[PDB]
Every structure is written in C-alpha cells, then in structure tokens.
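Encoded as structure tokens, the structure appears first; notes follow it.
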Amino acid sequence: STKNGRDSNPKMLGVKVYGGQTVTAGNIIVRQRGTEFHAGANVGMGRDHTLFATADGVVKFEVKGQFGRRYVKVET
Amino acid sequence: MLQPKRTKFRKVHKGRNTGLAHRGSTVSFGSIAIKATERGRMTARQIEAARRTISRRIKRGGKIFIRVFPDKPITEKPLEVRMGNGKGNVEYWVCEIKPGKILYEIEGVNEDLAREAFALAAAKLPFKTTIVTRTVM
Amino acid sequence: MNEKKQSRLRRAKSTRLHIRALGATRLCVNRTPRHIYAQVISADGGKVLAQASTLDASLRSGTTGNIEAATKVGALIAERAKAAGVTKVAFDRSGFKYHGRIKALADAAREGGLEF
Amino acid sequence: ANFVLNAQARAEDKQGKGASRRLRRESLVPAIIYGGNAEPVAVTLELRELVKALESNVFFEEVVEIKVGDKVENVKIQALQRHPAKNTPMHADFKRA
Amino acid sequence: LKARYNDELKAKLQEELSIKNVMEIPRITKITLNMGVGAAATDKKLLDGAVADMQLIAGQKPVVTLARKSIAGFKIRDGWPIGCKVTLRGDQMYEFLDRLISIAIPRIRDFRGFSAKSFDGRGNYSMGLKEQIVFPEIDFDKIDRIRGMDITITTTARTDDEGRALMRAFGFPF
RNA sequence: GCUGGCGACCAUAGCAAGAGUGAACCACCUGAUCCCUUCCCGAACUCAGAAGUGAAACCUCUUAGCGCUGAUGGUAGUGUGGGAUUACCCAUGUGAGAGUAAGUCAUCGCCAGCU
RNA sequence: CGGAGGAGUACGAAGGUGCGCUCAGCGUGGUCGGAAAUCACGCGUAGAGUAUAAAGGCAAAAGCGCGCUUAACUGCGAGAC
C-alpha cells in the first residue's frame, strides 16, 4: 500500500483584469496568496490580500519604489 | 560505488534526455581525456569498472579525474507484481550522458599509455566515445 | 552617530506614507536645538504651499529656540496658509514626539485657524 | 604577415540560424570582428584555413590579417566556439588590435 | 573626581596622547555592573538577594535580565530572569569609580589582581571581582552568600593605548 | 556658489577608500530647576541655553577597488508546413541564458536662508 | 492503488488602537561560568521570527513590547471572484 494519495481542491488564483482594461468600482483585479502585487492609487486590499478597484477607470501595472515592488493602480 | 551521501527525495521522475553537453565538454584538469559522442545512461558499476581498468593499465603512475557522478536513482518493481500499487523501490544510480560529456581525464602519463588505457576503458561502456587533448581555446 | 537621525526618519515614515495615501494637504514640522520650521505642502508632496520658521525676520533676533518662538511660528504659518487658501490639513510631526515646542506650534496653528 | 585569413562579407541576409547552418553545410565559418573606434563587422571564413591556423600555438598570440575584399583588418583571435561532440569550430570572435 | 578630570586630567591626557582637537580626548562614557546569576530556577531567592546587593552597591534600581533563546544544557528557558544589571552615567558613575579606586582595592584579599591587559581592543576595559565585600555594604551578617560581579568601563578612547592612558590618569591600580 | 526641509527616481544612482568645509545652517556640546522620560540610567525622548569643536556624524569632491549596467555576432529553445523517431533535419517566423567588447563614482522639481 | 507532508485546533489576548523597538550568527574582552547563560564594544550580514504543515508573503515590518480598552459590534451593502 501507499502512504500518499492526497491533494487539496483548486483555489483559482491569478490576475483577473489585465493592463489597459476598463474596470468599475468593486471589480477584483488580482487573487493572490501573498502580496505578489501591491495596491496603488484607487486600489484597495482585502483581508486575504485580494486587490480590488475602488474607482472607475483603466488598470495599469508598474514597478516602483526602493524595494522594486510590483504595483497595480486605476487611472480615472 | 559512487552514490550521494544524502538526497532530498528518494524517487524521481523518468524525464527525457535531450540536447548536447555544452557544459563539461572542455578539458580542465588533465591533459588528455575521453568524452562520449552518443547519449545514454552511465551506471555506478560501469563507472567503477572503467576506473579500475584505467588505473590498472596506467599502474597508478598519474592522476585520474572522474567527471561523472551518478545522482539519479532508478526504481524497479519487485517481480511477479501487477501494475499499480505505487512506485517501485530504488535499485541503482545513474548519470545522464549527453554527446560531448567528458567522462575521464588523465594527468601525468605518456600519451600512448593514456590512449591504451582509454581504449581498454571504452570497451566497458554502453556508448561510443572519442579522445580529446587540451588546447588553448 | 547617525543612528539618532535614522531612527527619527524611520518613525516619520509611517505617518508620512499614511498622509500620502489619504491625499490630504500636509503640515510638516521640523525641529532643531536652535530653530523650528513648518511647511504646508500639497497632497502630491512636490510643491510647498506655505512656510514659516524662526529664520524669518520678525522672529530671528529673539530667543528663537523655545516654546515662545514655536507659538509665534505656529500663528504665522496659520496666517500664511489661510492667505494661501488652505483650510484642512493633516499634521506631520516628522518622527518627533507630539510635545513641547511641537505641541505649542500645533496649538498656535489651530488657534490661527487651520482645521485639524 | 605570418597569418592571413581570406574572408567574404556576411550581409544581413546571411545572418541568423538558418543562414549560419547553410554556411556551415557549405563548409564556411561565420565570424565577428569588433574592437575600439569602429563598428562590428561580420565576415565568413574557410574551415580549412581556420583549422590550419588553429593547429599552431603562435596564432593565439600574434596579430593576424583578415582580408575581405580590398580592406584589411589587423586583429587578434578573441573567442572560439566548437561543436561539443565533433570539436569542429563553429564561430569566431576577433578583436581589433 | 568629576571636576578633577574636568579641570586637570584633560590637559595631561591631551599632552600625553598628542591630539590636536580637544574632542579626541578619552572620556569615560559609562560603567556597567552585571551579576550573571544563573540557575535562579532552582531557588528563586538568590536573584532577589543579587538585586538587593546591586541596589546597595550602586545608588540606582537594578534591572533583572531575562534569558534569550532556551538552552537545554542549563535549566534556562526563553523568558525567565537569569541575571541582573545596572548602567551608570554622569555623577553616579564618577562616584562609583572614586569609591572603587579609594576603598575596593585595599579590601581585596590578594593585591595585584587587576591587569594592564584585558582590554577589548577598542578602548573599553572589563574587570570581574569576587564577593560583595569591599563596598560600604552590610557585612556577612544580614547578607546571603558571596557573589561575583562584572564591571565594564566603556569609554570614548579609540584605541587600547588611549584607554590605558585614561585609566592610568584616573588612577586605577594596574 | 554653499546650507536646510519636502519630493521625483530606485545601483550607470550603490558600497568602499582618500580629501575638504564652520560667516549662516547643521551637528556634536552645557545643565537637569519647571514640561516630559528610563521595565535602571537626561544613553534615547524632553526642556532650559551658547563655554567650546568641525574631532565624530552629515554633506561635497576624487578614484573603476568591489559592485551594478551591457552590445554585436553565434549557440540553446520554439509556432506553422514537410521529412525522420535517443528526438533530430529542411523551409519560414521568432529568439534567450551564460560569456565577450564596452559603460558607470547619477539625473530632475518646489520652498526658505546666506554670500 | 503517482511522488511528499499536514488538519478535525488554539487565543479575552495571541483581538482593537496610540506610542515605541529590530532579528540571527561571528570575533574580541569580562567571577563562579564552560561549546553554549549574563555584561560591553565592534564586522559582514535577513541566514531570525511569524501559535501550527507547506506555499505565497512580511520595513508604514504582517516580527517584538507598553498604556488604555471590547469593532471577536447592530442594520446593511454598489460591485465583483
């Protein structure tokens, strides 16, 4: 007999809205286990590190700061 | 019987042996060396047999560098067992060989004796080989 | 050596970043053993809307390094900010304790009429 | 003067993977010349000539003359690529000197 | 001391060490008194006695020191007190130094205990002594067992020679 | 032309080494009355000030010493069609990583004070 | 019926907030006290920690303390996965 044979259900993480797309306030942009992306202007952060839009506009990805963090923001 | 002292995992996937040996295909320790021209698998017993043959021929008058180490475990099913019920048990260890891989180098012996030793060693190996010498570049 | 200033800037970082995130006009203060300084800076953090310090001619000849000077600087920065048109600000203590001369400057600015 | 390599110009249509493989099937060797005060120049050499030159050690220390057309470049061999299995030379880097 | 160094020792140190700017002059910054009173788990009283002894020796309230990381070899663990310490600056440290030099040395059993060596290599000097005696403290009556103490003098002297010069100027024996 | 504060940018910008500045600013500095502070300590935080110093620290300059940046050419891989099956070849499109030549001791905005 | 590990909990603080603080290791010295306790100063350094398995994360530290506290609320809820 084998001692293996277990796995967990999928979690369907990932980028939901890509750069250049138009969003409405409340739209989820990124599902992520940790902060692979950080929240920029007009973007909020949930309790499970989800990134969501807090205004209507156009999504933009960038890299900024002294730590080289990846940021996502919404331009109005 | 070369074998890793410790491994992070016991059993590994079969994989696919493709490509040429861009790394490890230049003479770097000795002056003359034997390198494979065809891909295949080299077992620890084969490595030991070739080393013993070379050492016996050269009468330990120089240094032998072995540039192949078998670190990939190979499993087998017990015998008279059906398919399934988990992966088999580890049986022996191999090193993946790509064309261009240098296997042995010799330092400090005459070229004729070295070539005789390499010719004796090549008969123990499961793939075709060739002889190379150190060049500037 | 240099640890004192680095620690002060480390304390200031959190408040400065939160003020930037809120997007409010910032009233930044700075303190030295000899003088005090205050600036009103825009939300983007690039342009100085107003300033006032003991280096100004009206206060430079005085004791210039105590609570009495700080109250005058607070009143003066309040007047200049009101003239420039700023009403609501977020106070930035730049890692200093909200106490003594800094507190006096803040109270004087509030009396002058900056809502915070 | 001791070492002279006759070369042809390697135009843009003779660059890339397919063109290089065609050249090596035609028994030529692509090579690049770079160095101070000028722009890189791509040339093609003869495999026979290159192997003959590499058989001698003083080729790796002397200044050699690469002639393509009328122009002449005085260069030193800088890098060499070999086939991992067959040891055949495949590409060369020359530095102006 | 204090005024003694402020008026006198600065000049002689300046001449002896040949330093152009006055701020280079060795200055004794602080004195740290430590009793590493281990194995306090078994009894829980010797640490109280050590705290009382430190409070008596130095005119300050001692602070207990807890362990960091739990060690199987001893009975120490992550959070419980395993030592006691005090730091002295300003007038208090000058008074402690003068009392030490004046009275501690005669009251030790064997003289020449301290060495001109045992410097940290950067101008700070540590000395360890046995017993809480040699101080103006209560005698063997009304005290617990004798306990050793470490005294580390941290000074602004950049090098060991400068530290030794400052120490000799202050008059510590060796 | 220097000094301080706040930003843009986040190594071609950093680290290290050497050098320089006290008119103003800054820094060290004096004291522990009152405000306030130490699981003890005026060390930090805080207050009241100007006897000293540019030593330390901060800034500015110089250096390719570590670091960082980095071509061209070639090689590996790869979509489509065809030919072969140790897994490669041809046509066409695409094209690294490593290494080589080489570059770098940053570049800008607002406010205030001195000469 | 492929290769490897965990869960069927814990916590009124180990939650909230304001303020504050940086780990690990090594080398020097220093009573018992040493390989390793505690003290002092330096060197390159996140290699520490995060109640617990691993992964993705963590300087405004999400790591570590102190004072006061109950938002470990009630009615909901545009808009999304």
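Convention: sequence-line order gives letters A, B, ...; per-chain numbering from 1. Keep in mind that the numbers below use all heavy atoms, side chains included, and drop hydrogens, waters and symmetry copies.
The backbone N or O of C/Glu68 sits less than 3.5 Å from a side-chain atom of C/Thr71, completing a donor-acceptor pair. Distance alone, capped at 3.5 Å, places no donor-acceptor pair between the E/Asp144 side chain and the E/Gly49 backbone. Of the possible donor and acceptor atoms, one in the side chain of A/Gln21 sits under 3.5 Å from a partner among the backbone N and O of A/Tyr18. Counting only distance, with no hydrogens or angles, the side chain of C/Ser7 and the backbone of C/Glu3 share a donor-acceptor pair below 3.5 Å. Side-chain atoms of E/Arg107 do not come within 3.5 Å of backbone N or O of E/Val134 as any donor-acceptor pair. Remark: the backbone N or O of B/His13 is paired with a side-chain donor or acceptor of B/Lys72 at under 3.5 angstrom. In terms of modelled atom types and a separation under 3.5 Å, the side chain of E/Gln132 and the main chain of E/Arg145 share a donor-acceptor contact. In this structure, the side chain of A/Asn42 does not engage the main chain of A/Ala55 through any donor-acceptor pair within 3.5 Å. Remark: side-chain polar atoms of A/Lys11 are paired, donor with acceptor, to backbone N or O of A/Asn9 under 3.5 angstrom. Listed for the C/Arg80 side chain is a donor-acceptor partner under 3.5 Å among the backbone atoms of C/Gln51.
Surrounding NZ of C/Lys47 are at most 12 heavy atoms belonging to other residues, nucleotides or ligands under 6.0 Å away. Crowding of E/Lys117 atom NZ: a count of heavy atoms from other residues, nucleotides or ligands under 6.0 Å exceeding 12. Within a 6.0 Å sphere centred on NZ of E/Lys75, other residues, nucleotides and ligands contribute 12 heavy atoms or fewer. By the 6.0 Å contact criterion, NZ on A/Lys3 is open, its count of non-hydrogen atoms from other residues, nucleotides or ligands being 12 or less. Heavy atoms from other residues, nucleotides or ligands lying under 6.0 Å from NZ of E/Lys142 number 12 at most. Atom CZ of E/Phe111 sits in a crowded spot, with more than 12 heavy atoms from other residues, nucleotides or ligands closer than 6.0 Å. Under a cut-off of 6.0 angstrom, the local environment of CZ in E/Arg27 is sparse, with at most 12 non-hydrogen atoms contributed by other residues, nucleotides or ligands.
Using a 4.5 Å cut-off on side-chain heavy atoms (C-beta onward), E/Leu97 and E/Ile101 make contact. Counting heavy atoms from C-beta outward, B/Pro73 and B/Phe9 have side chains that stay 4.5 Å or more apart. Two residues are said to be in side-chain contact when any heavy atoms from C-beta on lie closer than 4.5 Å; E/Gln60 and E/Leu88 meet this criterion. Side-chain contact between C/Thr64 and C/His35 is present, with heavy atoms from C-beta onward closer than 4.5 Å. C/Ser94 places a side-chain heavy atom less than 4.5 Å from the side chain of C/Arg8. For the pair E/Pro26/E/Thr156, no side-chain contact is recorded, criterion being any heavy-atom separation below 4.5 Å from C-beta on. Between C/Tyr37 and C/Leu105, the closest side-chain pair of non-hydrogen atoms is not below 4.5 Å. By the 4.5 Å heavy-atom criterion applied to side chains, A/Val59 and A/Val72 are counted as neighbours.
Listed here is the closest heavy atom pair of E/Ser70 and E/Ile76: OG-O, 3.4 Å. Between E/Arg112 and E/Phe174, the shortest heavy-atom distance links the atoms NH2-CE2, 3.1 Å. The shortest heavy-atom contact between C/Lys82 and C/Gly112 is CE-O, 3.4 Å. Considering every non-hydrogen atom in both E/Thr154 and E/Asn124, the closest pair reads CA-OD1, 3.5 Å. Nearest heavy atom pair, residue E/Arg77 against residue E/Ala41, reads NH1-CB, 3.1 Å. Of all the heavy atoms in D/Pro40 and D/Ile32, the pair that sits closest is CB-CD1, 4.1 Å.
A cation-pi arrangement is present between C/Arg110 and C/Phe116 under the rule of less than 6.0 angstrom and at most 45 degrees off the ring axis.
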Does the pair E/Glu15 and E/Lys12 meet the rule for a salt bridge (charged side-chain N to carboxylate O under 4.0 Å, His left out), with working shown? CA-CA 5 Å; E/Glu15 326 185 316; E/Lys12 277 85 59 142; over 6 Å; no

Run the side-chain contact (heavy atoms from CB on, under 4.5 Å) test on E/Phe114 and E/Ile105 for me, step by step, so that the C-alpha distance in whole Å, both residues' side-chain angles and the decisive distance to 0.1 Å come before the verdict. CA-CA 9 Å; E/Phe114 307 135; E/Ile105 272 54; 3.5 Å; yes

Evaluation steps, side-chain contact (heavy atoms from CB on, under 4.5 Å), between A/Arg70 and A/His38: CA-CA 6 Å; A/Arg70 294 179 279 177; A/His38 290 260; 5.9 Å; no

For A/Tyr71 and A/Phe37, what are the C-alpha separation, side-chain angles and deciding distance, and is it a side-chain contact (heavy atoms from CB on, under 4.5 Å)? CA-CA 6 Å; A/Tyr71 281 94; A/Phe37 296 92; over 6 Å; no

Which is it for E/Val64 and E/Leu47 under the side-chain contact (heavy atoms from CB on, under 4.5 Å) test, yes or no, and what are the steps along the way? CA-CA 8 Å; E/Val64 295; E/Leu47 178 129; 4.0 Å; yes

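Rounding to the nearest 0.5 Å places CG of A/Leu51 at 4.5 Å from CD of A/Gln32. The distance from the CD1 atom of E/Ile28 to the CE atom of E/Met93 is 3.5 Å, given to the nearest 0.5 Å. Rounding to the nearest 0.5 Å gives a distance of 10.0 Å between CD of E/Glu16 and CD of E/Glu162. One finds the CZ atom of E/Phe135 at 5.5 Å from the CG atom of E/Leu100 (value rounded to the nearest 0.5 Å). Taken to the nearest 0.5 Å, the OG1 atom of E/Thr155 stands 5.5 Å off from the CG atom of E/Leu166. With rounding to the nearest 0.5 Å, the separation of CD1 in C/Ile41 from CD1 in C/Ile19 is 9.5 Å.
In this structure, a donor-acceptor pair under 3.5 Å is absent between the side chains of E/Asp120 and E/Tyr125. Between A/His49 and A/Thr35, the side chains place no donor N or O within less than 3.5 Å of an acceptor N or O (distance only, hydrogens not considered).
Of the charged side-chain nitrogens involved, none lies within less than 4.0 Å of a carboxylate oxygen, so that C/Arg60 and C/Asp56 do not count as a salt-bridged pair. Of the charged side-chain nitrogens involved, none lies within less than 4.0 Å of a carboxylate oxygen, so that E/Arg147 and E/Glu131 do not count as a salt-bridged pair. A salt bridge is defined here as a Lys NZ or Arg NE, NH1 or NH2 lying under 4.0 Å from an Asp or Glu carboxylate O, and A/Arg33 with A/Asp48 fails to meet this definition. Look at E/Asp7 and E/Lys10 and you find no salt bridge, because none of the NZ, NE, NH1 or NH2 atoms lies under 4.0 Å from a carboxylate O. Ionic pairing of E/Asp48 and E/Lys45 is not present here: no N-O contact between side-chain nitrogen and carboxylate oxygen is shorter than 4.0 angstrom.
With sequence neighbours left out, the salt bridge (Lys or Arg N to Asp or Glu O under 4.0 Å) criterion links C/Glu111 to no other residue. Applying the salt bridge (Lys or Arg N to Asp or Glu O under 4.0 Å) rule to C/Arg16 yields the partners C/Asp92; only residues at least two apart in sequence or on another chain are considered.
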